[PDB]
Q: 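Before I ask anything, let me first share the structure, which is written out below as structure tokens.
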Protein chains: 2
Amino acid sequence: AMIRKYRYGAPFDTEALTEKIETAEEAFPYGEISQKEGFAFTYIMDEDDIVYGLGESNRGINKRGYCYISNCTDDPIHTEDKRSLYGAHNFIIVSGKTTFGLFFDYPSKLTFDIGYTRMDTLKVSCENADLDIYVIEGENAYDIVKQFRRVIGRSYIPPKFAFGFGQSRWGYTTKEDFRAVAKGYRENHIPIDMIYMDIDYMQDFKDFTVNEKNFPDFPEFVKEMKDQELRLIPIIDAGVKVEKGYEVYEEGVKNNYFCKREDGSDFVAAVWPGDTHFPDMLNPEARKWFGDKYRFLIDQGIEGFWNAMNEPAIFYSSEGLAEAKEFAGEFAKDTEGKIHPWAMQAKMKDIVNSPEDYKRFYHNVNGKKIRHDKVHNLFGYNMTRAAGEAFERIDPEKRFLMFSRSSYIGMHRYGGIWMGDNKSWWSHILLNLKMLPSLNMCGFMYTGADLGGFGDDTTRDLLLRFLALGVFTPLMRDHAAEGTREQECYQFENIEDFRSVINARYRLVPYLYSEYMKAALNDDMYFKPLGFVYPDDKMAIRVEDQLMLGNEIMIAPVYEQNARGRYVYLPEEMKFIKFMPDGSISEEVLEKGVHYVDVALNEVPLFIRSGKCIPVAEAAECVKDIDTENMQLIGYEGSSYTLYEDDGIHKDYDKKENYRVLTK
Amino acid sequence: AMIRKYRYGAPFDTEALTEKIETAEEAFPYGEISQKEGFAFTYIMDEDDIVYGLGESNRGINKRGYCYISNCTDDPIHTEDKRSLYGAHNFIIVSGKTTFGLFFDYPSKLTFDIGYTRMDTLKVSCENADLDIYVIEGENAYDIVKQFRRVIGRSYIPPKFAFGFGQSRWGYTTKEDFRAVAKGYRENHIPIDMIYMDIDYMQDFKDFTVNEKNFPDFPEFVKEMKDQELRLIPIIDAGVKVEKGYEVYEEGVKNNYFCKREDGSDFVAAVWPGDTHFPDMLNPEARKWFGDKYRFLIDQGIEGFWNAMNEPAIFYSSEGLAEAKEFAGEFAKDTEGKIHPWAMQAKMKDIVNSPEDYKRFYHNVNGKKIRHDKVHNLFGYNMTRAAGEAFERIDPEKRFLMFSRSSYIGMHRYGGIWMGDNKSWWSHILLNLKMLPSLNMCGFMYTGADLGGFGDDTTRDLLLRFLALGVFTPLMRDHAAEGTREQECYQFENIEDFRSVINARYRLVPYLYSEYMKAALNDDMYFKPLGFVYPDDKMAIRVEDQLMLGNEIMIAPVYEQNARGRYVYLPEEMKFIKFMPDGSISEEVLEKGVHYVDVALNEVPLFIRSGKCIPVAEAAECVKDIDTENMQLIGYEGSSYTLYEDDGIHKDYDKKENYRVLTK
Ligand SMILES: OC[C@H]1O[C@H](OC[C@H]2O[C@@H](O)[C@H](O)[C@@H](O)[C@@H]2O)[C@H](O)[C@@H](O)[C@@H]1O
Ligand SMILES: OC[C@H]1O[C@@H](O)[C@H](O)[C@@H](O)[C@@H]1O
């Protein structure tokens, strides 16, 4: 009654929903459907409508006034013009006088023209009319989001250590590199739980190998780190290296587990190893084979992983390379100025992540071949699903850390996502903030961005402000590209400021983890737009640089360089709280309305809502050492908080022993 | 006395200053000077210091927290990481407990590490200790800037028609193209005074020609437009096409007016026309010759010009093309994967605006040969100088519209600048805003940005917001790149809103013109940071998204997509004014403090200071038709305003009849 499914043509089964909804019979209940030019849904919005959703996509929380195309794309330059990033999250809510949610279950290129062409017109369109459209009804947008969260299945739940702080760099290669990271944090008493291992840890970029010269006793080294409460989190990519003798490659060939050209040859895509093949993520037996290979790492002590390049990213194909070389030969011989350097330049760019390559290979789904572009947005999803389903077979009682770059709705059951290759730009703090609630609407709660900025060179103050937002995001990882200025906390003067900010994270871990688990187990949102909590406050509904967290707090990060504070709007009385660098917590009651608040570079702010409180632990240097027996309670007198707490390792969620009421 | 000059080595004479300052012989008064590896000035800032200046450079009004390299560079992607744009404006003010200004008079690559390396450290460095450093003392930053304005000479002053609205696009080619722009504005009663003619109006991109097929009788087409109060503003580029029979080329070759390679041959750089030569802008005889060629256009009724590619931009040189072809040949025949596509791609990138090419040509300076890289930052400056000096020769009493892309301090006397190739990004509204006061500090008052965003695709709301900031910038011009979504005001629905917004411009022209003229004639600022007007207010000094204009008003544009208002800080009581879509003017007294103000898309807001007022004309569709006889005064009863007005055409600036005192 509250969700209806409208079927068009013969849709590929994405497995996004875990609940079966019957196909509806009536006319489509909103706007107009046309099949003249492929498929197009057209809706005239009211002037005051706000459009929420789209998970990981560009720009802001209110999606009105631009174009967004669902088409998982490896693009490391997240500027305002960009229409497609890594995630295809096809859920939107029109919120206004007439309110409703739509989920377009369609696995290929889907274009949301949300007031781009004409301010009052929403147009969603695709090439083929083979899809299911879920219409979700409800009193308000938050109600609709919650009904959607129910039908898509419970969100991935990480192990508790994954609520600590993590440090990654594309470049850590040797034991010395990793030991220097360990020392730089530990000797400076800066809290940390995780060090990420990027591609250089493998033998020549081969999946499910480790470099034999650098790590001849990898299990010893994993334990060396683990004994210090540092969990190594290695990367796995989609491309399996073409190499004679390499068992992952031999088996994929012999057993037909790779994506193939139409003629049945194994399709070649160059990535880090050079020539690779792509496991056929849409073939259940190839999925199981690939997933089971994680055993190689789990058996050495590894308790978490991350996946990149799973769009799948393609540096070039063999076809593209040959074309590019042919064109280069012509340009080289050109003595008549007919081939301009810009055309040579365009061809070199065109061979990367080419739409032509995405039509050159196929998925074998139970004997039936489907051209990749027709199901492009399912690849990363199904790669992460291969890993999650494997973890269940390998150790069903245990939570593993898992997150991915590319994703589609349904993947949120098996892994988190990080926001991909961002930049050391102040505008990317705000971008990180704004994606959060949208990711929550689509079931992806375990999420975060590369703190300090992945690409380009950070500054001390930019990294501090990034970190102060990261305090609140379930994934809190400082990560960086090769060639960039080093951005570990210990690379800067006055390291005490970094200690202070990260201490605030650890002091809030019990609260944050508790809210995560409550949200996940109840199909609810960890971050929410203000309008979800204050539906009747016309000013609240349009705030976009603050977020509600749980039912107790609101966050409002500073994202302007040189700012000593920022403006906020409080839709009710709250206590303005800051974690101070001397270890103390300042508190000030602020009334409903507009305020300017002072927030220094080494201070972490939040607001506790009227009639609420939160527990705050003493600072500890790893998750395991956090003392949750004797936590102080901050907020309003006479209020109470329900703390969710478990062993953070296993899957025993239902128990009454997991909850205790704390009373201020 | 409050300015001293410190000379190192044998500086090249840039002519930035018009006032002579004696060489100081005492100790350098601030920080430390090193000559150990080229030149470095190093200063330890107090934690509260603000650093102003740097004219057109990246990021914010307070320059602390990043690295700025003065190195005029053709880069059309103005993202936060960029260290060099088009402008080389070597003037900064340290403002705090200790306050002083520095102008670094040096014509080559100059690095300002302003808290990038260490937050507390300002370091300014260059490869050769051959420069003058001017140290300016004063009570505060505003006083230091006025002293600098005096010594660099009076800023360029435009004709009054240049305070209308202007429209341009890379693509307008034929007479019908221009007629349709004219028709699109005039038939919808949208005020306009100027249409810009980009490179397609030339015959095959040849400077100082006109496409004689499309314009058989150009003077009559100029008149056709002028009778409608529409003045065509044609572009001229740095590169003169290599073509036998083309007079400009033949004259430059014959008389050795082009920049030469080391062997004496005329240096070849490819730009729009394919092969070109650059006029030797540092050679006085070459400057006079090139500047004299503007006669070709003036004689046909043209009253204004713009200059681009004056860095000078180089798509490739003959040397660089040959290197890239040789590389391409190697790539093409590579079978063993030794030459990666990304290397090929990097070579093609490397040949554009190449540091190597800037070392391949020379200027003939009064007989002395100087390698171009040594004086790189003077080229665009001298090209605009050439136009300006020729105008004074052609008609000394007439003001011409003139602005350029690249510049160096000194150029501000001969023309304005526009802010180059920006983007249809919301963040570029704020970038347009922030650059303004900094440009004023450096003498560049006639400035503005491409309204709506030059590159990428705009949206209706973004254009309206850019325009509402355009209302206040001396250059108010909607301009777009080829291939972009069309962004003339008539391309959008509900064009009344576009009328309303531009109407506000024309209603304020008498005031804005008045303030520009008073400022220009007195070596003062048109736009000021709040800290210049309210130096004792610790809140005001840190505001960057509001500016003071003149002595009467404050501006505070909306720059967030979907926003229906914004936060503002008023350092004193002001009247919050809005030009309303129906032609009325709303008025609200707001006290000193933090406020949220509602500004709809089709409303243009401003604030009138306590005890001040401004004259407001009735709306008119061109500058010539504005009725200034009995303008309405808006603001505080009992205040007065001094109105400057002249004929707008000539240079009769020192008349007492020019000033009229208006009392509310
Ligand atoms: O494993 C290294 C790196 O991979 C991913 O980012 C890789 C990219 O590098 C670029 O320079 C390229 O321009 C992008 O298009 C790439 O995908 C991953 O996102 C990152 O976290 C890893 O460190
Ligand atoms: O203004 C012309 C501009 O066009 C853009 O397409 C180029 O990439 C810039 O480098 C160039 O100067």
Side-chain angles (χ1 to χ4, degrees), chain A residues 72-78 85-86 166 169-173 196-202 205 207 233-239 271-273 306-315 341-342 345-346 349 352-353 380 403-406 417-423 448-451 453-456 475 477-484, chain B residues 72-78 85-86 169-171 196 198-199 205 235 237-239 271-272 306-316 342 345-346 349 352-353 404-406 418-423 450 454-456 479-484:
Chain A
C72 302
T73 299
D74 177 356
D75 183 344
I77 294 157
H78 310 162
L85 309 163
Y86 313 95
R169 194 186 161 83
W170 178 5
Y172 304 147
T173 300
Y196 289 78
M197 308 192 84
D198 210 332
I199 53 187
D200 302 302
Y201 84 92
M202 296 177 240
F205 311 115
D207 280 347
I233 312 296
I235 194 183
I236 292 289
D237 302 321
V271 217
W272 312 116
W306 56 306
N307 287 172
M309 318 307 284
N310 63 333
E311 294 69 37
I314 304 178
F315 296 172
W342 39 98
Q345 197 160 352
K349 180 212 192 189
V352 176
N353 298 318
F403 60 88
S404 183
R405 194 165 77 167
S406 167
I417 76 171
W418 94 98
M419 289 158 194
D421 295 344
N422 65 348
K423 294 281 201 181
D450 291 352
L451 307 172
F454 173 69
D456 303 338
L475 176 62
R477 173 185 81 158
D478 177 332
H479 180 48
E482 58 161 15
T484 60
Chain B
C72 298
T73 297
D74 176 359
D75 181 348
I77 313 281
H78 310 160
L85 305 172
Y86 314 101
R169 180 181 176 79
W170 176 8
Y196 289 78
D198 208 330
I199 51 172
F205 310 110
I235 196 177
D237 297 321
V271 203
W272 309 121
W306 55 309
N307 281 177
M309 326 304 285
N310 66 331
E311 296 69 30
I314 302 172
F315 295 171
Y316 61 88
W342 46 90
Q345 205 181 163
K349 281 259 326 300
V352 186
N353 303 316
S404 192
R405 200 160 72 169
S406 158
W418 91 102
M419 293 162 200
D421 297 335
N422 70 349
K423 295 283 198 179
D450 281 356
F454 169 76
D456 302 347
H479 183 53
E482 63 161 4
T484 58

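Below, all heavy atoms of this structure are taken into account, side chains as well, without hydrogens, waters or symmetry copies. Whatever order the structure lists ligands and atoms in, that order sets their numbers, starting from 1. Proteins come first, then strands; the chains are lettered A, B, ... in the order of their sequence lines, and each starts at number 1.
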Q: Does NZ or CZ of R477(A) come closer than 6.0 Å to the centre of the six-membered ring of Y196(A), within 45° of the ring's axis?
A: yes

Q: Between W418(A) and ligand 1, find which residue part has any heavy-atom pair under 4.0 Å and reply side chain, backbone, both or neither.
A: side chain

Q: Could you list which atoms of ligand 1 come closer than 4.0 Å to a heavy atom of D74(A)?
A: 14 (C), 15 (O), 16 (C), 17 (O)

Q: Would you please test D421(B) and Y86(B) for side-chain contact (heavy atoms from CB on, under 4.5 Å) and show each step?
A: CA-CA 10 Å; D421(B) 297 335; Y86(B) 314 101; 3.5 Å; yes

Q: Test side-chain contact (heavy atoms from CB on, under 4.5 Å) on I314(A) and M309(A); report intermediate values, then the result.
A: CA-CA 8 Å; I314(A) 304 178; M309(A) 318 307 284; over 6 Å; no

Q: Is the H479(A) to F454(A) ring centre distance short of 6.0 Å?
A: yes

Q: Looking at residues at least two apart in the chain, or sitting in another chain, which of them share a ring pair (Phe, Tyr, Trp, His ring centres under 6.0 Å) with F315(A)?
A: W272(A)

Q: Do the non-hydrogen side-chain atoms of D200(A) and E482(A) ever get within less than 4.5 Å of each other?
A: no

Q: Going by the rule side-chain hydrogen bond (donor to acceptor under 3.5 Å, both in side chains), which residues pair with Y316(B) if we only count those two or more places apart in sequence or in a different chain?
A: none

Q: Taking the six-membered ring of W306(A) as reference, does the NZ or CZ atom of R405(A) fall below 6.0 Å from its centre and within a 45° cone about the axis?
A: no

Q: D74(A) and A313(A): which non-hydrogen atoms are nearest, and at how many Å?
A: OD2-CB, 3.3 Å

Q: Going by the atom numbers of ligand 1, which of them fall below 4.0 Å from some non-hydrogen atom of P76(A)?
A: 13 (O), 14 (C), 15 (O)

Q: Using heavy-atom distances, let me know which of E311(A), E482(A), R405(A), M197(A) sits nearest atom 5 (C) of ligand 1.
A: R405(A)

Q: Compute the shortest N/O to N/O distance between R477(A) and ligand 1 and return yes if it is under 3.5 Å, no if not.
A: no

Q: Tell me, please, which residues at least two apart from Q345(B) pass side-chain hydrogen bond (donor to acceptor under 3.5 Å, both in side chains).
A: none

Q: With a 4.0 Å cut-off on heavy atoms, is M309(A) in contact with ligand 1?
A: yes

Q: Which parts of the protein, at residue level, reach under 4.0 Å of ligand 2 through a heavy atom?
A: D74(B), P76(B), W170(B), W272(B), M309(B), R405(B), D421(B), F454(B)

Q: With no hydrogens and no angle check, do the side chains of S404(A) and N307(A) hold a donor and an acceptor under 3.5 Å apart?
A: no

Q: Using a strict 4.0 Å cut-off to heavy atoms of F454(A), name the atoms of ligand 1 that fall inside it.
A: 6 (O), 20 (C), 21 (O), 23 (O)

Q: Geometry only, no angles: is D450(A) polar-contacting ligand 1 at N/O separations under 3.5 Å?
A: no

Q: Within the 4.0 Å heavy-atom shell around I199(A), which atoms of ligand 1 are there?
A: 1 (O), 2 (C)

Q: Under 3.5 Å between any N/O of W306(A) and any N/O of ligand 1: does that happen in this structure?
A: no

Q: Which of these, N422(A), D421(A), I235(A), has its nearest heavy atom closest to atom 20 (C) of ligand 1?
A: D421(A)

